[PDB]
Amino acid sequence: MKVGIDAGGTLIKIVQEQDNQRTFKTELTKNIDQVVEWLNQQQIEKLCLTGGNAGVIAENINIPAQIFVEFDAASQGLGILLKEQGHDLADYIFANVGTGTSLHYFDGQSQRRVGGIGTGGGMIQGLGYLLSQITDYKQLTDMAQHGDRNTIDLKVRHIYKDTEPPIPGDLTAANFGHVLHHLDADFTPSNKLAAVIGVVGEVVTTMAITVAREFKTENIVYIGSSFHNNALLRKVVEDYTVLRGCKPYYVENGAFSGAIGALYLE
């Protein structure tokens, strides 16, 4: 058994490999203690680590472990999964949408971090909590799928009324920009949660299409756990990427890219 772990701020991603049979496992970072305990019981041929909490794991385990930088690990695991799933992309931006978001340009051989932003999954949970008092992730994200953004968000055509706008009128002009025109409306947790995701989705995508243009690629690969159980977040990201003339790609087990990469390095 060989093992790769991407110990992030919110989720611990574990890949076990055994005779080319692969296991994909998630555990909360909150429960890192139980991950360490599990590890100490196992017969492990090779253990590779990455992410911010790799150190916490490495210190509390009884066996050696190689530790890799998460940007390189994610890039390598993602290329392994892109190949396996029939994509041969000469180059691409990838947007690792986790607790926060890191953006990368892969030129065909290697990656470079070209930006990042703190709009990501951690904001969906945290701001989500402030607007709804829901702490359970599944519940939070389910509820948001049932949401309407029209009373909350302001569109380019809302500002330009009956004039020809100088950019497409369906574009979001101001996230939460309509709230003050609907104070005679009672803002439901679904609507509000849909608008949190709405803004997170549009910020990530905008950043991604911008660096796609800068590094002269049309391919944008979206990964990270922020997409699990959140179809609304995919749709927002997908629709807008397309609107901007770029190809969006999701990846089966994209959130484990870092755990896989750690396995297939050095």
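Throughout, we count residues from 1 along the sequence that is shown.
Of the two segments, 111 to 119 and 185 to 193, the one listed with the higher mean B-factor is 185 to 193 (C-alpha atoms only).
Looking at 197 to 205 and 45 to 53 together, the entry lists the larger mean B-factor for 45 to 53, computed on C-alpha atoms.
Across the options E70, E238, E37, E214, the residue with the most elevated CA B-factor in the record is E37. Ranking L130, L140, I167, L89 by the C-alpha B-factor listed in the PDB entry places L89 at the top. Among all modelled residues in its chain, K161 ranks in the highest third by Cα B-factor. Sort the modelled residues of the chain by CA B factor and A74 lands in the lowest third. The deposited CA B-factor of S257 belongs to the lowest third of values across its chain. In the deposited entry, the Cα temperature factor of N230 places it in the middle third of its chain's modelled residues.
Per the PDB record, residue ranking by Cα B-factor puts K13 in the lowest third of the chain.
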